[PDB]
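Enquirer: Need a 3D model of the sequence below.
(chains A, B and C, ligands or ions: 12)
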Amino acid sequence: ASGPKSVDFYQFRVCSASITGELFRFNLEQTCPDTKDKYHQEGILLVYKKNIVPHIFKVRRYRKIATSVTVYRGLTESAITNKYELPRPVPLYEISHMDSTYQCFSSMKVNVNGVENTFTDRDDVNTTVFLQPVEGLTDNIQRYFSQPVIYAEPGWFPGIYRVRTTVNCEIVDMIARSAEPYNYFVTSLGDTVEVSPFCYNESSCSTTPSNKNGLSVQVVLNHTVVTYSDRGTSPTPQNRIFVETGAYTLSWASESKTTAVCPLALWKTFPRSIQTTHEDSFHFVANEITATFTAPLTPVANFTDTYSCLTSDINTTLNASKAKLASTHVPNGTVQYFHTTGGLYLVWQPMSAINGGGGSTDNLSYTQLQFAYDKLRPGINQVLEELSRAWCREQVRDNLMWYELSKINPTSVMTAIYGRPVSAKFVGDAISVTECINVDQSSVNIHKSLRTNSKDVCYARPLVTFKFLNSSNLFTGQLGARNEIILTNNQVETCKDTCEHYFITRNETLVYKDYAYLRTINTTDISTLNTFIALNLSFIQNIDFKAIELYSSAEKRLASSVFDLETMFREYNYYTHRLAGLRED
Amino acid sequence: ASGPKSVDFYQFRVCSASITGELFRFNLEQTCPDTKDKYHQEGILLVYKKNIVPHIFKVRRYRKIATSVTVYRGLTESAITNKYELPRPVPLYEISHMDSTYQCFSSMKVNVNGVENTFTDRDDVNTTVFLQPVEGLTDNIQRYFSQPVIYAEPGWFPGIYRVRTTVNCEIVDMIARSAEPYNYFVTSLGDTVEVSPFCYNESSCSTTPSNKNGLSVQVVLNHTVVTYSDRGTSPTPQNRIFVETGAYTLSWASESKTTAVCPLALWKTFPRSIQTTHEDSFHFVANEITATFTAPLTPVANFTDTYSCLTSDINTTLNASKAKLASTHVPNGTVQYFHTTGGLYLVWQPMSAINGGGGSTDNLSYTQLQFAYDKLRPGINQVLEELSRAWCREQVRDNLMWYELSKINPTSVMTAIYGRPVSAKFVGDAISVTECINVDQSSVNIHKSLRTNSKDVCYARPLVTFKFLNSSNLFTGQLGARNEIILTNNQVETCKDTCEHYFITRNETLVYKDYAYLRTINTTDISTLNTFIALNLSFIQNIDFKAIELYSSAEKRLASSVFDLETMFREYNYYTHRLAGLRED
Amino acid sequence: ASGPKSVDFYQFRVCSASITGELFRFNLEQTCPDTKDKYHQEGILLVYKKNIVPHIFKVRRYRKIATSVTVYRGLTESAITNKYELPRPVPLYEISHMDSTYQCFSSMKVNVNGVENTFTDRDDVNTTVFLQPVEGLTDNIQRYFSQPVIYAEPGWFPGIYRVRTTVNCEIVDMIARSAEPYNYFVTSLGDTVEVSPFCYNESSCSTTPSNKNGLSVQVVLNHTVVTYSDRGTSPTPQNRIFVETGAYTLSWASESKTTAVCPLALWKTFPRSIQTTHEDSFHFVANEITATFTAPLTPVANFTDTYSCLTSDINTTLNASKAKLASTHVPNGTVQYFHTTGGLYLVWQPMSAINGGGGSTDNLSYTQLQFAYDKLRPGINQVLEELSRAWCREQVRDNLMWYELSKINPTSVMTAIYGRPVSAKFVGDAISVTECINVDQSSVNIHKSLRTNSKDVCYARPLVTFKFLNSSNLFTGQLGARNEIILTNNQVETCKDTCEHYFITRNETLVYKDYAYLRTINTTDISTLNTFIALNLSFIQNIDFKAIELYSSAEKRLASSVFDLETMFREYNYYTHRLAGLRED
Ligand SMILES: *[C@@H]1O[C@H](CO)[C@@H](O[C@@H]2O[C@H](CO)[C@@H](O[C@@H]3O[C@H](CO[C@H]4O[C@H](CO[C@H]5O[C@H](CO)[C@@H](O)[C@H](O)[C@@H]5O[C@H]5O[C@H](CO)[C@@H](O)[C@H](O)[C@@H]5O)[C@@H](O)[C@H](O[C@H]5O[C@H](CO)[C@@H](O)[C@H](O)[C@@H]5O)[C@@H]4O)[C@@H](O)[C@H](O[C@H]4O[C@H](CO)[C@@H](O)[C@H](O)[C@@H]4O)[C@@H]3O)[C@H](O)[C@H]2NC(C)=O)[C@H](O)[C@H]1NC(C)=O
Ligand SMILES: *[C@@H]1O[C@H](CO)[C@@H](O[C@@H]2O[C@H](CO)[C@@H](O)[C@H](O)[C@H]2NC(C)=O)[C@H](O)[C@H]1NC(C)=O
Ligand SMILES: *[C@@H]1O[C@H](CO)[C@@H](O[C@@H]2O[C@H](CO)[C@@H](O)[C@H](O)[C@H]2NC(C)=O)[C@H](O)[C@H]1NC(C)=O
Ligand SMILES: *[C@@H]1O[C@H](CO)[C@@H](O[C@@H]2O[C@H](CO)[C@@H](O)[C@H](O)[C@H]2NC(C)=O)[C@H](O)[C@H]1NC(C)=O
Ligand SMILES: *[C@@H]1O[C@H](CO)[C@@H](O)[C@H](O)[C@H]1NC(C)=O
Ligand SMILES: *[C@@H]1O[C@H](CO)[C@@H](O)[C@H](O)[C@H]1NC(C)=O
Ligand SMILES: *[C@@H]1O[C@H](CO)[C@@H](O)[C@H](O)[C@H]1NC(C)=O
Ligand SMILES: *[C@@H]1O[C@H](CO)[C@@H](O)[C@H](O)[C@H]1NC(C)=O
Ligand SMILES: *[C@@H]1O[C@H](CO)[C@@H](O)[C@H](O)[C@H]1NC(C)=O
Ligand SMILES: *[C@@H]1O[C@H](CO)[C@@H](O)[C@H](O)[C@H]1NC(C)=O
Ligand SMILES: *[C@@H]1O[C@H](CO)[C@@H](O)[C@H](O)[C@H]1NC(C)=O
Ligand SMILES: *[C@@H]1O[C@H](CO)[C@@H](O)[C@H](O)[C@H]1NC(C)=O
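Expert: Numbers count the residues shown, from 1 in each chain, chains lettered A, B, ... in the order given. Ligands and ions are numbered 1, 2, ... in the order given. The structure is reproduced below:
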């Protein structure tokens, strides 16, 4: 026969399983994979923020005030011409009684350029007097005075001046505060003190007085101070620091830096949370917040030596949390510490069923967006695994439908599983498969008649005459299948009174009736069955998100204070220099 | 026959539908479910923020200023030695003319410790004088003066001092402001007044003067004030409050708290929005913002009595919104009020087609994340419903393919629908199904030949000899199907010149040709057809989100003011106490 | 025959392909669509923020201070009665030497109301003296003085006063700053200057002095200033501005507005980013941030003329970025500029493989939420395209299973592809299809027996007698299929000893055995096969997101300063007016 093997359904061809081809078998007894197993670890999670508030402590301020008024007796009239005020500090010989028993000496002495000035209340004798309270606006501040009334009696002889002078003792009790570098502190009344509040424990002080330009500093040991309930059951001794600036004395009780302040504070605690491991990081889940916190794969070393000041709090918080779960869970592993990109610190303790970034970010939105994405992702990936084993259990039945169809005739199954024409035959329980041979398009002609030379026999398919490539002798058969040449003839039972056919070729159809040919008609004129099932899936669609604000930048400005400092200081400078000042003309 | 029933395809067995087994029927005329119906309610949504700005009102301040300068005539030279200033309040006998006609009395009297001081401009006679404007830096502040020039003429006789004195009247017109507890207010020039701005309507005042330490307070009825356009068409009478602190008099017009301020403000309004009900909450949708607001299932009671001050605004806003939709929608139900976790208040009005949390959260990101999640979720759940009815319409056709295959032989369909060997037979329009019986593995032997004792008949399957368990007599048949024993023989039409077979057993294959046995070969040597269609689905993948900031914490600090208050007050204290002050040595 | 065509399987009917009906063909040689192609453009992206920091520059302040002290010699005692201070500006004849060589004239003259006052240090002669440094608290401020010590020696004769007077020269070197409208500037020590810092380049100044109420302003050309290293290699000349307010002289070096400040600053640069086009906008992607920025479809015009001050920076940044990619990419198109809703500006440069909104939003969360949504959406839409071509390749095999089943008998395939009974016949390679005819329910009766009048022939289906609508003559056949009447009879091979049947009708079943009828039984008593495969898909579920804060509104307040301005100014007003002031009684 001819050389070229068939590769499409368009050329005329001769097929036969007449040779020892390749053998195939239906591989029955398949199975789909089983359901996977998935696991996770529970534990206690504690979350730490970096601290932000200033340090806050109580202080006392001691002063003596000298005042001088100039008055003019005049005649039938009198006036104040001036009033001057001079504050000064208080020495330790007096602070003793002034904080013990609320007494002071009604007079003062002031060295200036090496000469001694003196001031005495109402020009009377140096004598001891008692301090008493005065009313206040703000409940955290208390104030005590020795003499509420300024002296301005005009005097007895007409036409000349006199000077009137007074002395006060003052105590104030109030708050003071300071921030991260601890170089200085600021008092509630606005006094700025320029000494570190821990300075004795940093060994920057002594019982012998220290000195600086504009300061003297000392520590007094076993000092005692009495509350104005003024009662003999005196408070316990302390060590107290004393600062003697120009214009006042100030004092506070000594304390250590590492007991006073620690850099971190507890934000929240979750007694049930889960750890999952990814390619580059760990994820820790907090359901009550709707958030997840991530961290690098390596825990932070030395969190017992750096931040050692937390060792009071993590132990009691883990011990209380473990005692709450002790009926259902028991600890595993050991305590671990992690630092989140974003600036938070995590404490973790694994549980089993019993059966750096100093710029801490203020906005936590990325922790909630991670929780939403990690709830969508496994919810979608579970549908893909449930869809894929429902598909595989169908392909195991399709392979049995093709097996039962193959026992009827195996050729029509092989040219359905392959995309190309082949011929096939059973040789036992295995199927032998074989190539098919092309025949030339020009030797092929189809006969115009179907009734036989016998009186009552009719061909069910039209006769065809042909020859192979590179040959002279002719051959004949019947037009079979799509465009096949069949070598063995077949017939209808009788040439019954009426008959019709529409034989189909690759392009055209031949129409026959009364056992003879009539016309050639295009195949597209015959209507075609549709057996397909439509999906009509609708795809996800685009959204543009918007920038939104609850309060305007102006409303955020006006809410910050009732004071308008930007205009308050501009008017004070304009008034005191241009309007009210001495001015040339 | 033997007792044990077949449970796999590996042991040799005898099957027959020779007994009255159970009956089965193909249940034709199935259907898939129909498409569901889904519904939602439209309405108008108004959203309220808690208010944040201070209260703002106009005030007047009245003062008299006495000044005294000391000058020294000297000889061939002269200098100022001192300048002192004394502000005082203004009494009602003068405020009358001073706010009516812009006049004041050019002199003042000052009681101190029970004696009367007097100050007069340039030592001249007590006389009436007119106030006039002066220029200002800030456009909200106006200032008026009676005498712009301070007096410092040195005098005529050498070598002795003199005192020069002046008196001013001042008015200032300006803003003042106050915040949430309303205990006090602060003036634009920095004066703090320590009285509540509504105090007469709270019955904390009277027409008889009230008193406090450092204050006097009074209400004046039917008071009148004239604008500096100074024109006879005088403004309408008012009730005005007067405060007389040390150093000034201050006044403002009386007003009621419930007309002055209300705690909430309207943020946005949506004329088309949708309500959906979930297991624990309601969700309200705003498309123009790309956001959704949630609330508890119970509306807030008494929002007409608490927040009654909004009853002017919600009525006109709902009436305008309803009139905008009146061509396509008509109201249903009644107005309802809800409080969102996050601190916003919602107003809702249902429409039909015609056919607490005082910590208000500043960042609205959770409202946009809820809108994105509620756009993904129903978009994915719609694909699952469209995929599930496309699958069911295919299973209704697979059930018809198995029916048409069963009419050819029902055994091969029953052992495809069940996972196990059984035998089956039609008894009418119903199929009778029956168990199959195991035979021992040791009595089975397969014959080495296929040609019969007849001269031209050949067996299509090899002969087998066997016996049942607990028996002596032998039996024979043909090797059928996978590993079956068949009791009725079958043959090929003729012993044609050439023949070949590859019979398959559970492990091994037997090869025969020329109608006799030759070899045993492993089944895995025969190539197997693959008819499966691959899915190749690709799963969703992990993303790590990052912390991001547009401006540094330092840039947010430097943007807050041009004033550097942290260093401005430190230098003023250092200069006035250490550098410039009187200092001992 | 009767008129009504069959529309269900419930009525009895007669079917035959006895007429020339419509022709159908199996449309083989189908294909599914091929895989789509998808494309995107890479480029360099630069992102610009609006600037927020104030302008910052160096200044000098020059002063002369006159002081006067009053002291009383007295007897056996002495005291200070007053101390007064008077600051004044410095004239250009002196600023020359004072900034060149650090010298000043130890005396001053002060015009007031047209008469000249004079002050001289310690009453000594007018002489030149040298300035020297003093220590400072804050490292950005330097201060120089001519006389550190105030003079207060009491004097020699008992019982009378004397006045002591001193003069200082002061220089201060420090920072000053100003903001967006540029109307004024504020010095580090709190001095507010009320002149624009660029005023000479805006032609608001001259070398002839300008004047305002309370100011004089001048520009000095080629001025020179010497650093206190005080060395003959003098710095280069400048043009310097001079302001002469009351109480001081102040100076700064002249500069142009367009070189000093530009409104925008570079935030980040991405050398690989991608542009995608949507229905109304463009999206630009930044992977290292996990964010995408959107913009309108039209680029902004005139960004080379408005914001021309950026032309130094975008050129060098694009040139450096292009040189980094020059081994793998080459430029295409040209540079384009876009303005994002949210207030950022984008610069874009396309690359190829070689082979307005002044309210800038501070919170970028919407840019990360867009990146998450645009990672979910194409990840889900890819699964729908991979699922849809896996479905289509199966429907192309189902169409071949129906073709092979149709060659056995075409009726049972046509009533599976249609939902209704029809009859069909092959007329060649095409199938002729025909309607079926209803018969009345009352003429139908089923015979009680199956054995024939012949001695050993039995009917496989029971006999039926019937007639057509509007007729008298009777007909007979066999009960076939579901509820069909068949006109041609068929039989079992022999009336074998035992036989049983369960014939099924639309409601009831008839049971027969020993070739005769016995009972009528409901069809539901016969057990039915189940061949369906379950999906068990589980749908996505609802989540309620929460409002979260890292720091309380109180902690955000307390972190803003160590100063408590809200109480500091309230106590100063209470103390100086009520407690310490002159008060009537
Ligand atoms: C105690 O005693 C001391 C003295 O020991 C007193 O100090 C004296 O104070 C008086 C005023 O009270 C001074 O009198 C006045 O002098 C000025 C300056 O005159 C000279 O400079 C003028 C400007 O030239 C500048 O620019 C040129 C370049 O163009 C430059 O070369 C100069 O160096 C100069 O300075 C500038 O450049 C410097 C270097 O870069 C800079 O540092 C500097 O800041 C400048 O930028 C110049 O025009 C003038 O020439 C004319 O006038 C002089 C007289 O001064 C005359 O001799 C010439 O013939 C010219 O006609 C000088 O070179 C001067 O300008 C003043 O004149 C004005 O004011 C009067 C009214 O007072 C008007 O009538 C005039 O019209 C004019 O407006 C005045 O003469 C005195 O000089 C000064 N002495 C010293 C040593 O400095 C102190 O006041 C006493 N205190 C008490 C309390 O008693
Ligand atoms: C500063 O204060 C700390 C805390 O009080 C001191 O540390 C203590 O030192 C004593 C003696 O070694 C120990 O017994 C305590 O346990 C320590 N406490 C802590 C918390 O450290 C420290 O010695 C002080 N330093 C100085 C020099 O005063
Ligand atoms: C405080 O002000 C309110 C508001 O003006 C006063 O309430 C009014 O009272 C009158 C008389 O009963 C009513 O007619 C008005 O309708 C009320 N208005 C409102 C808005 O309440 C209240 O009486 C005043 N209280 C005092 C004591 O002055
Ligand atoms: C203000 O300053 C700007 C910048 O120095 C001046 O503009 C310059 O003008 C000169 C002369 O035309 C040009 O050669 C420069 O190229 C310009 N530079 C810039 C950046 O503009 C401007 O002339 C000044 N205006 C005045 C009146 O002084
Ligand atoms: C005819 O059939 C051939 C394939 O053999 C096809 O390529 C062509 O498009 C068809 N149409 C005609 C009639 O050319
Ligand atoms: C926790 O419990 C253990 C065992 O009682 C105890 O030793 C430890 O001090 C506790 N830690 C704290 C402080 O909670
Ligand atoms: C042989 O078949 C049995 C099942 O009957 C199977 O378990 C075994 O793995 C197969 N292989 C052999 C030859 O043991
Ligand atoms: C709304 O309209 C009704 C009917 O006109 C009216 O009674 C009611 O006062 C209106 N409310 C407001 C203030 O909008
Ligand atoms: C109000 O809403 C309910 C529920 O949707 C509906 O049954 C009823 O008909 C509506 N009535 C009006 C007035 O639209
Ligand atoms: C009987 O069959 C009819 C359809 O022909 C059906 O509508 C009905 O529900 C069935 N049940 C009976 C016995 O009524
Ligand atoms: C970029 O490079 C070109 C070519 O060298 C040059 O002309 C241009 O000035 C450069 N721009 C800058 C400033 O980077
Ligand atoms: C520029 O881009 C367009 C569109 O992708 C492309 O057709 C063209 O070839 C590109 N040219 C260069 C220079 O890469």
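
Enquirer: Could I get the phi/psi values of residue A:325?
Expert: Dihedral angles of residue A:325 (phi, psi; degrees, to the nearest 10) stand at phi -100, psi 0.

Enquirer: How much space separates it from ligand 1?
Expert: With the distance defined as Cβ to the nearest ligand atom, to the nearest Å, residue A:325 ends up 82 Å from ligand 1. Every C-beta, even on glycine, is put in place using the N, C-alpha and C of the backbone.

Enquirer: That residue and ligand 6: what is the separation?
Expert: 14 Å.

Enquirer: how deep is that residue tucked in, by neighbour count?
Expert: Neighbour count for residue A:325, taken as other Cβ atoms under 10 Å in any protein chain shown: 16.

Enquirer: Which helix or strand contains residue A:241?
Expert: Using DSSP states H and E, residue A:241 sits within strand A:238-245.

Enquirer: could you point out which element follows that strand?
Expert: Taking DSSP H and E, what comes next after strand A:238-245 is strand A:248-253.

Enquirer: What are the buried residues along that following strand?
Expert: A:248, A:249, A:250, A:251, A:252 (16 or more other Cβ atoms under 10 Å in any protein chain shown).

Enquirer: ok, it: who's next to it in the sheet?
Expert: strand A:55-72 (antiparallel), strand A:238-245 (antiparallel) (DSSP bridges).

Enquirer: quick one, phi/psi of the residue of the stretch 151-300 of chain A found nearest ligand 10?
Expert: Closest approach between the stretch 151-300 of chain A and ligand 10, counting by Cβ to the nearest ligand atom: residue A:287, at 52.1 Å. Backbone geometry at residue A:287, expressed as degrees, to the nearest 10, gives phi -70, psi -40.

Enquirer: which residues touch it?
Expert: Contacts for residue A:287 (Cβ atoms under 8 Å, 6 or more residues apart in numbering or on different chains) come out as A:270, A:272, A:273.

Enquirer: One more: residue A:390?
Expert: Contacts of residue A:390 (Cβ under 8 Å, 6+ apart): B:391, C:533, C:534, C:535, C:536.

Enquirer: Not counting sequence-adjacent ones, nearest residue to the third one?
Expert: This means residue C:534. residue A:390 (7.4 Å; Cβ to Cβ, 6 or more residues apart in numbering or on different chains).

Enquirer: try the last one
Expert: In this structure, residue C:536 finds its nearest non-sequential neighbour in residue A:386, 6.3 Å apart by Cβ to Cβ, 6+ apart.

Enquirer: Now do the SS call for the one you found.
Expert: Put simply, residue A:386 is helix when judged by DSSP: H, G, I helix; E, B strand; the rest coil.

Enquirer: Indicate the residue of chain A located nearest to ligand 4.
Expert: Ranked by Cβ to the nearest ligand atom, the top residue of chain A for proximity to ligand 4 is residue A:570, at 28.0 Å.

Enquirer: which stretch of helix or strand covers the residue nearest to residue A:523 when sequence neighbours are not counted?
Expert: The spatial neighbour of residue A:523 that comes closest, neighbours along the chain excluded (Cβ to Cβ, 6+ apart), is residue A:509 at 5.4 Å. Per DSSP H and E: residue A:509 is located in strand A:508-513.
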